[PDB]
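# Fold and contact review
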Amino acid sequence: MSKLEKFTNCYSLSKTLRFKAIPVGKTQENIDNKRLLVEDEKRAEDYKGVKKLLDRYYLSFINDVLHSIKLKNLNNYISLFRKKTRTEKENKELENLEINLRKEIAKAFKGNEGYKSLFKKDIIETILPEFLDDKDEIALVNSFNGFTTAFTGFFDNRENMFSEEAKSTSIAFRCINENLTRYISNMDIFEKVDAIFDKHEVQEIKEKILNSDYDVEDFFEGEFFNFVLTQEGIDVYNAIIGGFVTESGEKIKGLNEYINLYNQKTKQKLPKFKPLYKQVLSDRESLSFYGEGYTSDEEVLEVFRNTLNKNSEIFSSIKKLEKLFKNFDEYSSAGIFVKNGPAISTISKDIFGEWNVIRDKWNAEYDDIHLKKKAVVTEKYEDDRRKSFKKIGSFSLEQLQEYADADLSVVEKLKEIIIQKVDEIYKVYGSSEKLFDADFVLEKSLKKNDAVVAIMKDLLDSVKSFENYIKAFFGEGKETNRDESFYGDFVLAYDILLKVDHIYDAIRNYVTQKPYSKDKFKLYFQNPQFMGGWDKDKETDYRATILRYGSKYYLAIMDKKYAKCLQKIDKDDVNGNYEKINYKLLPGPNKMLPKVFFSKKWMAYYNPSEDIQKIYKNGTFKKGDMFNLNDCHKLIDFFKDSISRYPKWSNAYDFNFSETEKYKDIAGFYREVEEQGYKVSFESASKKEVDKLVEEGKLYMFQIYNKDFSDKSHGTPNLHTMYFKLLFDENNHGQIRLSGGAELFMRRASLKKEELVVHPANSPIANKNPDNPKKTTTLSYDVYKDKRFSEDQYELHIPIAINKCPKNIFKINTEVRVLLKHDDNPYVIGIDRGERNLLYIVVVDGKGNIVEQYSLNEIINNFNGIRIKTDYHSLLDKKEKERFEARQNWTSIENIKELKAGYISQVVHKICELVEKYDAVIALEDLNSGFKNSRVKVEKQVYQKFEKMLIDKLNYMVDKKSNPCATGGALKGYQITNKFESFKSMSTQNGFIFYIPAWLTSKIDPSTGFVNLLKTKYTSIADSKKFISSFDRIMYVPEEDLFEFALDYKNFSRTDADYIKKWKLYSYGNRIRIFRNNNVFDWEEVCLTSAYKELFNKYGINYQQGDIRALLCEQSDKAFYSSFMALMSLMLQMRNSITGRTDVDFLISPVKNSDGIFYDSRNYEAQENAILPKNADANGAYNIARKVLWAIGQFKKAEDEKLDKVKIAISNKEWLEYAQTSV
RNA sequence: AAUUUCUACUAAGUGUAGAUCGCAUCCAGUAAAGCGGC
DNA sequence: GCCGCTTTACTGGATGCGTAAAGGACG
DNA sequence: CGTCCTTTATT
Ligand SMILES: [Mg+2]
Ligand SMILES: [Mg+2]
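As annotated in the PDB entry, chain A is LbCas12a from Lachnospiraceae bacterium ND2006. The record lists its title as "Crystal structure of LbCas12a in complex with crRNA and 18nt target DNA".

This is how it looks when you write it as structure tokens:
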């Protein structure tokens, strides 16, 4: 009611409506006969090609400067960049330095005198014909001699590359804003970690990577940046961090690889380096050597047959390798060795059937010498055997035969396994013989052929496992005696079997690539700017315009031969007529009023006083230090008079300008032109003539259509279908404008009609909803699946502009604060993320009362009494594992972004419904860049998509049921978030949306506000001794069977935050602990009081003795304290959760509230309408919402001039005094 | 199981409900398999 | 599980445009 | 000389 109505007509944004275009009458017949589509098809392919050559020239022009660029005073930027103490004056000083560094790069591209010609028709007619040396590339640019405006959008994408501003697509942005900070940040890390770099490691990287031409320390000096400005330098720089791969496959290690080895050997966390991003428009060949993938299906086959058949060496390698293990007994059992790795536990199984016997057998050997009888099994003796067992490089066949008990002979059972595994491979060929024949011809493309691939994948994985098994027998020796008679033959075969490793690589990279599909192609109809705008004065120029015949809108296109065929038409008084558009638009008043009145054609006709042309030149009409008021007034009066004397503007638009003496700036004037320089009207044009123009092929005509436009549809239209209707409805006083830049694509069919899944007519189809009481539909017509891709389809993308002239101008975050300061019962929505519930909603009133809370794991909807509850969290979990198991098995990877998107729209709808009902602000978690990472497989990508599509909705929120001409409807939709420019331009609040920190949101007691601010991990006995003494009392309360731990927080460290300070903790309830190593459960439920009684009996403590603090401190045993502090750890462990278990995720508190009862969320999850959180997840969203109620409390005090300056970012100390006082 | 398109439907018979900014460019991120060092 | 190289997939953020009339070249 | 494709102007 009150709050939302204020937010209408707030700002201007554009959207795009999409429509299927259906050819009318003989339209498509004439389009085929004139071969128009094949020309645009052949063009859209050549258009990608010409662009590729254009990139070649740009990259060449890009590099001429970037090779030769020198950055002035680079150290100065570095100096202020690494200062731990800049002021509000030096912070503005480094920025002005950062701006000049990009300018230094930017003007060097523009300093060239060929710069401006890179984006005009000259580059295609002139420059590229000179640069190119191919006679075919010369011929593909010539066909575009007539179309150079079809590149205007491509040229804009390339001037961004030469921008000076901090823009993401700028080259200057890449080198300075991105590469420098990454380069500087590593310079801070190099110095910190330079100590751990061996002198050979410096020489290793210098000889192998740097070629002795540069020192390694050089690439961390300030002045050496100039090398890395190109891809040539970046490729070398990244190699210093990561290393690279030679021809022979040697993994040359980089600095990030060495720092890693040191931190695994000294158990530290020293920082690794950040690689550098690529340079814009670089075609980057990678330094690491890799064998190129196969181009086509035929190559893959010819390799597969020739390399993998029995005749080829790869089989001969196995054929001889089987011979070696057969005669295995002959060679010296001291000469053969089995490598040591974690993969040997499998080896122990293959001989005698147990994993850990080889480890256990050896452990008996190491123990007996180095187990003195005093200890029997100290932690140091058990833990040192692990150090020795992996340090061992390999095992000889006799140390394994010595471990083996008779009659088991290791050398014989080795012959058994190899004989078992090479028999398997000879049988996979039996199935795959159909792949090896010379005659075999593939039925379907390799990607469309899941049946042939699974055959190759099965033969390749069978060869891979036999080779991967044998690799362990090398032993990496470096061994005193090797039966080199054996290993000589072995090395000969195994290096040749190693050839499959490159085939396994390259085949995977071919088969698993998405198959060929024909993208839709833009239709030009022989005009480079086809259908660019709708102005009636341009109808001949663009050659397309819109037509209306009642409830149906058509798109008419005029053939190049008959450009003015729809202008000679007139009204037919008696017979049918079309409604023809009369579109009129004045784009860019700041760029169209001076462009015309100072243009060569009209500069004479309107003789601007020499005073004028010196005002526009000096820019005194602009606000700032050049600003003059009367000059602005005079510039206005010249434009005003000139328009009245301009015919095609004055007649077309009805102009009302307020008195020039009332304009405060030139912007106020241009706005009135813009708001009134748009008029859409309709004229009458004969149908029998226009239709004659379609049959004659002089005019092409499609119907604009979606399923709402069907005569069989009686249901609520799609939201965009409403927009389309308002564009031409006479109640749209400019709210939604018809913008230019429409496009028309052609998407050829991608599926065959005969191939489709069809539900045959008059045969019953089963309904999937178990709530739907009609489990069958019997239709009299066929239901083809994906029928929209079974036929060719025209596409029409029409951009629209909403609120191009915004009336209501004010700050939105400020206006939201204003109405919160005055709302008597404001509401807050709390939305909390999780991995057990994707999203949890909590709605609260101004007093923190819960009105609503439910999980959004499932979307529940009712229409006409037909409930349907979709389990989207299950749908996401199943599609995720349908891509995981797809990636493993080389099959098709299903798409999941749409499933997440379809979920959010159902979610977004629900929040907007809550926002409309309760007039509630929205509360989200303050998440920076780091939190996106997780330890388990996330759908938390849904959360990032949840904000984007929710913010996008709140930019222009509409209800499709309200009247469009009413507030909230289609023409007056609510705008309650700041315009979405980027995710990085965001602050702590965005209109109704508040991002708030999550500290103490979940592990806090709702009933009392109690929080765990004690550190309980065990460090020493004395630390434990001081701990127990600090508590006011530790007693047993027998009437309740509980232990009581009264404390004043001021006796512990870092308890400054808490308000109440004095709490009494009780060992009430059970907790959940996770194991550290068969067993039914990986967790147990400890009973605290039944465990304090347990601990206190093991050490002989009389816990009934009143106060027990001095009694527990009397102990001298470390084991007592290391477990006591553990029991103390669980009592303060409020949030108890278990991975992947639906049952467990509960919050329980060890404090009695005002009525002396503990908060156990389980006592709430059973309730339908609970007044407190039901679980740790709802507890999160509840508090996220209350943290915002605190902020509303700060708005109710401050005054509207200072409401903008209130800090809504909670202080961790302020939130505790609030959570403890609210109850 | 239809769709401008996506999702979920069949929703009373060629459809229902919700959502939907297209296009081009630069760049990055995640997952998987192989490959080398701990 | 950490570090690094590759290849395939699918996915996502940040930029530009959403223009009529002047301007010029051309048969 | 009219027609079609190119460049332009910046609250
Ligand atoms: Mg509908
Ligand atoms: Mg995934």
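Next up on the list: the overall build of chain A. Scanning chain A from N- to C-terminus turns up 42 helices and 33 strands. For chain A, the spread of C-alpha atoms along the three principal axes comes to 115 × 85 × 80 Å.

Take the protein's contact with DNA strand C next. Taken together, 57 residues form the shell around DNA strand C, and within it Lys167, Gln264, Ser286, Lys538 and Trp602 come nearest. Sugar and phosphate atoms constitute 82% of the interface atoms of DNA strand C, taking the interface as everything within 4 Å of the protein. In this structure, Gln264 approaches DNA strand C through a side-chain N or O atom, which is 2.4 Å from a base oxygen. A distance of 2.7 Å is found between a phosphate oxygen of DNA strand C and a backbone nitrogen or oxygen belonging to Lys897. Per-element accounting of the surface near DNA strand C gives the leading share, four residues, to helix α12 (residues 255–265). In terms of residue class, the surface near DNA strand C is built from 14 nonpolar, 21 polar and 22 charged.

So, on to the sheet that holds strand β28 (residues 1042–1048). Spatially, three strands are ordered β27-β28-β29 in an open sheet, and the strand pairing comes out antiparallel. Strand pairing shows two members of the sheet lacking a second neighbour, β27 (1033–1037) and β29 (1062–1066), which therefore form its edges. Within the sheet, the average angular offset between the axes of one strand and its neighbour, ignoring direction, is 20°. Taken together, the five bridges between β28 and β29 define a ladder with antiparallel strand orientation. Residue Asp1048 lies in a different strand from β29, and its bridge partner there is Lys1062.

What follows deals with the protein's contact with DNA strand D. Around DNA strand D lies a shell of 21 residues, among which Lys121, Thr148, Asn527, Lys560 and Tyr616 are the nearest. The sugar and phosphate moieties of DNA strand D supply 72% of its atoms located within 4 Å of the protein. In this structure, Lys121 approaches DNA strand D through a main-chain N or O atom, which is 2.7 Å from a phosphate oxygen. Here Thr148 contributes a side-chain N or O atom positioned 2.2 Å from a phosphate oxygen of DNA strand D. Those elements giving two or more residues to the surface near DNA strand D turn out to be α24 (589–597) and α29 (666–676). Looking at the surface near DNA strand D residue by residue, the classes come out as six nonpolar, seven polar and eight charged.

Now for the UniProt feature "coiled-coil region" (unreviewed entry) in chain A. Here the UniProt feature "coiled-coil region" (unreviewed entry) sits at residues 77–107. Helix and strand shares over residues 77–107 are 71% and 0% respectively, and the end C-alpha atoms of the span are 19 Å apart.

Next up on the list: the side chain of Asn582. Summarising the element assignment, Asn582 is placed in strand β9 (residues 577–585). Residue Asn582 is classed as buried on the basis of its relative accessible area of 18%. What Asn582 contacts, discounting residues up to four positions off in sequence, is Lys536, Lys679, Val680, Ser681, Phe682 and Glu683.

Let us look at unusual backbone geometry. For the bond running from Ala406 to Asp407, omega is 5°, close enough to zero to count as cis. Within the secondary structure layout, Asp407 lies in the loop between α18 (397–403) and α19 (410–436). The residue after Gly477, namely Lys478, is reached through a cis peptide bond having omega 5°. Within the secondary structure layout, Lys478 lies in the loop between α20 (450–470) and α21 (484–497). You will see that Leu1000, though not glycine, has its phi angle at about 55°, which is positive. Structurally, the position occupied by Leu1000 is in the loop between β26 (993–996) and α36 (1021–1030). By relative accessible area, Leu1000 is classed as buried at 18%.

The next thing to look at is the UniProt feature "binding site: Mg(2+)" (unreviewed entry) in chain A. As recorded in UniProt, the sites labelled "binding site: Mg(2+)" (unreviewed entry) are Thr716. With respect to the secondary-structure elements, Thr716 resides in the loop between β11 (699–705) and α31 (719–728). Beyond its immediate stretch of four places on either side in the chain, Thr716 contacts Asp708 and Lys961. There is a polar contact of 3.4 Å between the side chain of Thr716 and the side chain of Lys961.

Moving on to the domain arrangement of chain A. As far as domains go, chain A holds domain 1 (8–24 + 530–586 + 678–742 + 793–809), domain 2 (172–265), domain 3 (297–340 + 393–511), domain 4 (589–676), domain 5 (749–791) and domain 6 (810–1001 + 1181–1221). Each of domain 3 and domain 4 has a C-alpha centre, and these two points are 83 Å apart.

On to the pattern of salt bridges, then. Within this structure, the stated rule accounts for 53 salt bridges. Between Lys167 and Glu165 there is a salt bridge whose closest N-O contact spans 4.0 Å. Owing to a relative accessible area of 44%, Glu165 belongs among the partly exposed residues under this scheme. Measuring nitrogen to oxygen at the nearest pair gives 3.6 Å for the salt bridge that ties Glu467 to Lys464. Of the two residues, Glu467 and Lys464 both sit in helix α20, three residues apart, roughly one turn of that helix.

Conventions we followed
Residues numbered from 1 in each chain as written, not as in the entry; some residues may be left out. Chains lettered and ligands numbered in written order. Heavy atoms only, no water. Residues with missing side-chain atoms left out of burial classes, pairs and counts. Helix = DSSP H or I, 4+ residues; strand = E, 2+ residues; numbered from the N terminus. Near = heavy atom within 4 Å. Polar contact = N/O pair within 3.5 Å; in protein donor to acceptor, adjacent residues only side chain to side chain. Nonpolar A, V, L, I, M, F, W, Y, C, P; charged D, E, K, R; others polar. Pairing = 2+ DSSP bridges. Axes fitted to C-alpha atoms, helices over the stretch in contact; angles between N-to-C directions. UniProt positions renumbered as here; feature names shortened; annotations may be inferred. Buried < 20%, exposed > 50% of the residue type's maximum accessible area, 1.4 Å probe, protein only. Contact = heavy atoms within 4.5 Å. Domains from an automatic or database assignment. Salt bridge = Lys/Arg side-chain N within 4 Å of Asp/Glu carboxyl O.

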